[PDB]
Colleague: 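For reference, the structure I am asking about is given below.
Both backbone and side-chain heavy atoms feed into the values below; hydrogens, waters and symmetry mates do not. Along the sequence shown, residues are numbered consecutively beginning with 1.
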Amino acid sequence: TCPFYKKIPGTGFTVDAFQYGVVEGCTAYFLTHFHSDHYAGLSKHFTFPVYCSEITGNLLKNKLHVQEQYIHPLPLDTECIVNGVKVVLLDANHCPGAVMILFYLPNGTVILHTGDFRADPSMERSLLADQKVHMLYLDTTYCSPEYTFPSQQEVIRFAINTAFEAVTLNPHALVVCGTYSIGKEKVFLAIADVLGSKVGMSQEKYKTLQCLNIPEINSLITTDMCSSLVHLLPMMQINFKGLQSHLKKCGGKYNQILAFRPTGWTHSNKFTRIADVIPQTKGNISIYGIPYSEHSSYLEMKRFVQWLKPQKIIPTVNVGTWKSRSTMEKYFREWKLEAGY
Ligand code: NI
């Protein structure tokens, strides 16, 4: 049965609620983004209207084979009427195709559902600027002050400089980057651009990337691994055993691997600056964990909420423990007392 924080009151609508069977009273199912915890339950046999971005609808049709007649893609930044209710989709600054959803309820209440997001000051000049929001359904993934990480731009600067140094010292080194979902594509695209290479990958991953409307993508990726010196592998293979095995397969073209694992936050963030990050190494293999986040840091989240000044906050992440819930509620009251709303 569907939890309350996936239902939008005063509507026939749910958000990210495909794993509960037929939800009583639901006339339209919204999907914020194509990550498995959110799409869990969708398949070619789904026969209700799904509302989403264009990029998410390309992935639904090609990867999960949802039939076209039930996919309802909406443009961003545009007022749309769905089953008699005004909605807007906003970029979430998460993975490709990820949205926030503004619902304008028939009684005058305005609700923002962030989906998964990385708050940014640019959102203070979207269509959010124009009216009051009563209720905020908030991605609280990193809602505690220990969660610090650098900007995406600093992280990419580190990765490009590291890869270009390594490969210029040793033209026979291979670069490998881990992946298990969409998101974080800048990591491997920025490294391949500095090296003058396409990114090589499996047929299944190439197919996924071809649904993302990234400009000039045919110029940047390939399934011909022999032609590429930046390879993508499943995240589970980014370890000394898996990388050794991969290097065997390349037929003596390479004699060193430099590998990247884009994680979210790890506790090595509480001590070390991006500048000072070092790899784990075994023989001719080195592995870097780099803190490339597609969720808000604590400070980014706090700025957003203190700007928006919602009347009520409903967390959508970390909701399963009383300790988590009490922590989050304490920070929400602090922010409200400090800002004065
Ligand atoms: Ni996500």
Side-chain angles (χ1 to χ4, degrees), residues 1-9 13-20 23 29-42 52-53 56 89-103 111-120 123 128 133-149 152 180-184 235 262-267 269 291-311 313-336:
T1 64
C2 187
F4 72 100
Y5 66 79
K6 296 179 180 277
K7 295 183 192 170
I8 306 300
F13 302 154
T14 60
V15 180
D16 302 346
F18 300 87
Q19 63 168 297
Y20 302 109
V23 175
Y29 296 70
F30 289 78
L31 180 60
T32 61
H33 69 294
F34 196 77
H35 280 165
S36 62
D37 276 359
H38 299 256
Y39 71 69
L42 270 164
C52 57
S53 70
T56 300
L89 303 189
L90 312 159
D91 203 275
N93 187 43
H94 186 52
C95 65
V99 300
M100 314 190 292
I101 315 160
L102 254 194
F103 301 96
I111 294 173
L112 177 64
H113 195 304
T114 66
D116 283 347
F117 86 141
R118 183 164 185 177
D120 194 72
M123 297 171 174
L128 290 178
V133 172
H134 304 75
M135 311 185 74
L136 177 62
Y137 287 66
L138 181 62
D139 168 13
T140 45
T141 299
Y142 290 126
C143 191
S144 192
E146 75 268 27
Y147 299 115
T148 64
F149 34 71
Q152 290 177 171
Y180 42 29
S181 60
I182 66 168
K184 310 190 183 181
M235 199 73 87
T263 68
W265 178 94
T266 68
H267 189 52
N269 273 276
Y292 190 96
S293 182
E294 291 186 338
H295 297 272
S296 313
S297 74
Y298 175 84
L299 288 168
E300 291 160 354
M301 190 191 301
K302 179 183 184 277
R303 179 185 166 114
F304 181 79
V305 173
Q306 292 181 304
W307 169 87
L308 191 74
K309 304 183 171 46
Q311 292 184 1
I313 307 174
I314 300 165
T316 63
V317 189
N318 304 309
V319 300
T321 79
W322 300 117
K323 181 160 170 229
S324 283
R325 284 192 158 287
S326 173
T327 295
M328 292 183 295
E329 292 173 7
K330 284 175 34 259
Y331 289 129
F332 309 147
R333 186 53 66 182
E334 289 178 15
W335 298 354
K336 179 175 165 76

Colleague: Using 30° and 60° as the class limits, which term best fits the ring planes of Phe13 and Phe30: parallel, tilted or perpendicular?
Modeller: perpendicular
Colleague: Determine, step by step, whether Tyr29 and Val23 satisfy the side-chain contact (heavy atoms from CB on, under 4.5 Å) criterion, reporting the C-alpha distance in whole Å, the side-chain angles of both residues, the deciding distance to 0.1 Å, and the verdict.
Modeller: CA-CA 9 Å; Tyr29 296 70; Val23 175; 3.7 Å; yes
Colleague: Identify the two heavy atoms, one from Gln306 and one from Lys309, that lie closest to each other, and give their separation to 0.1 Å.
Modeller: O-NZ, 2.9 Å
Colleague: Any donor-acceptor pair under 3.5 Å linking the side chain of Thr114 with the backbone of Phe117?
Modeller: no
Colleague: Locate the shortest heavy-atom distance separating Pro315 from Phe332; write the atom from each residue and the value.
Modeller: CG-CE1, 4.1 Å
Colleague: With the side chain counted from C-beta on, respond yes when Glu294 and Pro262 share a heavy-atom pair under 4.5 Å apart, and no when they do not.
Modeller: no
Colleague: Can you tell me how far apart CD1 (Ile314) and OG1 (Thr140) are? Round to the nearest 0.5 Å.
Modeller: 11.5 Å
Colleague: Walk me through whether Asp91 and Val99 qualify under side-chain contact (heavy atoms from CB on, under 4.5 Å).
Modeller: CA-CA 5 Å; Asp91 203 275; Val99 300; over 6 Å; no
Colleague: Is the shortest side-chain heavy-atom distance between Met123 and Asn93 below 4.5 Å?
Modeller: yes
Colleague: What distance do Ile182 atom CD1 and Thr56 atom OG1 have between them, rounded to the nearest 0.5 Å?
Modeller: 6.5 Å
Colleague: Out of curiosity, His38 NE2 to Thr32 OG1, how far, rounded to the nearest 0.5 Å?
Modeller: 5.5 Å
Colleague: Can you check whether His295's main-chain N or O pairs, donor with acceptor, with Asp116's side chain at less than 3.5 Å?
Modeller: no
Colleague: Considering residues at least two apart in sequence or located in another chain, which fulfil the salt bridge (charged side-chain N to carboxylate O under 4.0 Å, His left out) criterion with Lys302?
Modeller: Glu338
Colleague: Hey, does the side chain of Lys184 reach the backbone of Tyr292 with a donor-acceptor pair shorter than 3.5 angstrom?
Modeller: yes
Colleague: Which heavy-atom pair separates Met100 from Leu128 by the least distance, and what is that distance?
Modeller: CE-CD1, 4.4 Å
Colleague: I'd like to check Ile313 versus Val305 (side-chain heavy atoms, cut-off strictly below 4.5 Å). Are they in contact?
Modeller: yes
Colleague: At what distance, to the nearest 0.5 angstrom, does OG of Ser53 lie from CG of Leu90?
Modeller: 12.0 Å
Colleague: Parallel, tilted or perpendicular, judged at 30° and 60°: which one describes the rings of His35 and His33?
Modeller: perpendicular
Colleague: When you look at NZ of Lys323, are more than 12 heavy atoms from neighbouring residues, nucleotides or ligands closer to it than 6.0 Å?
Modeller: no
Colleague: One pair to check against side-chain contact (heavy atoms from CB on, under 4.5 Å): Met301 and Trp335. What are the steps and the verdict?
Modeller: CA-CA 11 Å; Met301 190 191 301; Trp335 298 354; 4.0 Å; yes
Colleague: Check whether any side-chain N or O of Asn318 sits under 3.5 Å from a backbone N or O of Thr141 as a donor-acceptor pair, and report yes or no.
Modeller: yes
Colleague: Between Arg118 and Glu300, is there a side-chain N and carboxylate O pair less than 4.0 Å apart?
Modeller: yes
Colleague: Within the structure provided, determine whether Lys6 and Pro3 are in side-chain contact (heavy-atom separation under 4.5 Å).
Modeller: yes
Colleague: Go through the steps to decide whether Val317 and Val319 satisfy the test side-chain contact (heavy atoms from CB on, under 4.5 Å), and finish with yes or no.
Modeller: CA-CA 5 Å; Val317 189; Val319 300; over 6 Å; no
Colleague: Are the side chains of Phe34 and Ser181 in contact, using a 4.5 Å heavy-atom criterion?
Modeller: no
Colleague: Identify the two heavy atoms, one from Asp139 and one from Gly115, that lie closest to each other, and give their separation to 0.1 Å.
Modeller: CB-O, 3.2 Å
Colleague: For the backbone of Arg325 and the side chain of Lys330, can you confirm whether one donor and one acceptor N or O come within less than 3.5 Å of each other?
Modeller: no
Colleague: Taking all heavy atoms of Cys143 and all of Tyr331, pick out the closest pair and write down the distance.
Modeller: O-CD1, 3.9 Å
Colleague: Can you check whether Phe4's main-chain N or O pairs, donor with acceptor, with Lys7's side chain at less than 3.5 Å?
Modeller: no
Colleague: Please round to the nearest 0.5 Å and tell me the distance separating atom CD of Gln152 and atom CG of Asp120.
Modeller: 9.0 Å
Colleague: Any side-chain heavy-atom pair from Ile111 and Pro9 closer than 4.5 angstrom?
Modeller: yes
Colleague: Looking at every heavy atom in both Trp265 and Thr148, which two are closest together, and how far apart are they?
Modeller: CD1-O, 3.6 Å
Colleague: Report yes or no: does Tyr147 contribute a side-chain atom to a donor-acceptor pair with the main-chain N or O of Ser296 at less than 3.5 Å?
Modeller: no
Colleague: Hey, could you give me the OH/CG distance between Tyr137 and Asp16, rounded to the nearest 0.5 Å?
Modeller: 13.0 Å
